[PDB]
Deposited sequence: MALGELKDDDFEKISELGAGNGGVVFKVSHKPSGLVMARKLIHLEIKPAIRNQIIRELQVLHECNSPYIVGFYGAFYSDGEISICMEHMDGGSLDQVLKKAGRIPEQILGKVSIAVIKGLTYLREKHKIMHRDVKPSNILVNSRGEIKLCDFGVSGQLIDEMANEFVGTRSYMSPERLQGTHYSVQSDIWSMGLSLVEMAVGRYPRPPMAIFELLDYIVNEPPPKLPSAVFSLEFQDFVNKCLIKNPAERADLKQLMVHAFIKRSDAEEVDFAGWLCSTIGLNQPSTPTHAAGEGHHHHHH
């Protein structure tokens, strides 16, 4: 097919695009094709059987086709690590962006809201995929002003192997109390992403981890400063963060919210905003 059998020898490392919990990501040249990719190495110590079922489950990403979903090129195993080769987003994640910007303005975050809502509507409706880890380091951006999701849970096995070797500060209250994952949880992590990027920091009083986890279950959700953000943005984020998942807005409902309709209509030169702030 398009790329054939992908192997470690074909790739030359260009730079390192960063690291997180359990994996490193490099910008690479797939030399035979001339493709520039992002290569992400994942160390899992797993019985061969279980690894191959991951790499096969990962092939469902070849069928993922959305302007709001990072593109997939392949997935192989070499030397204890699974490689997931993907489209290289040249603006990095909103995480790295927020470090540089300090705060991301509301108007830009309305473009992210739209891209995030549409990305997730795509997964749910086309592929019956829930994201499972919406947060700003898994929302990625490029010099073409594009905004895309990665790191969603296509693979059941990888979900399982990941849960037992996460980002608990980003899980909704009900998920924290041990409930099975739902779309309404993608939405909380959306809400929470939008408030963190807006205010410039993880939007909870500082505390020890186990305290934070009960804090989230027990205490009322975060909110925007009312002074410096439109009422429609405050509503939008509030509806994403209702603690009862039954009463939280769903994606249908968010897509026609005052703040989304307002932002859709706006003309934001997000690409130039970006290239300005990260020196691209």
| property | result |
| --- | --- |
| Parts of the chain sequence, as deposited, that carry no C-alpha coordinates in this structure | 166-167, 283-301 |
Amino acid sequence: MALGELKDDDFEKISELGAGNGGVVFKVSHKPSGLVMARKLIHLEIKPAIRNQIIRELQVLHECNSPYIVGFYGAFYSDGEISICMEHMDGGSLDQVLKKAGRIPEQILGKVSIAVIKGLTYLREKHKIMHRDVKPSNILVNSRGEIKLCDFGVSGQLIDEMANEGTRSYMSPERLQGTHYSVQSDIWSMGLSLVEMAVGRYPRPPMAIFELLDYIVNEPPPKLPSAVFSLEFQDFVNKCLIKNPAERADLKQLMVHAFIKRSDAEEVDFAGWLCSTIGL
From here on, numbers count along this sequence of modelled residues.
| item | value |
| --- | --- |
| Higher-B stretch (mean Cα B-factor, as the entry records it), 48-56 or 28-36 | 48-56 |
| 76-84 versus 108-116 - greater average Cα B-factor per the deposited record | 76-84 |
| Criterion, highest CA B-factor; candidates, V154, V195, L140, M162 | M162 |
| Which of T121, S93, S185, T179 ranks first by CA B-factor in the deposited coordinates | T179 |
| Entry-reported Cα temperature factor of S189, expressed as the chain third it lands in | lowest |
| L241 CA temperature factor, ranked by third within the chain | lowest |
| B-factor third for the C-alpha atom of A227 within its chain | highest |
| B-factor third for the C-alpha atom of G102 within its chain | middle |
| Lowest, middle or highest third - CA B-factor, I216 | lowest |
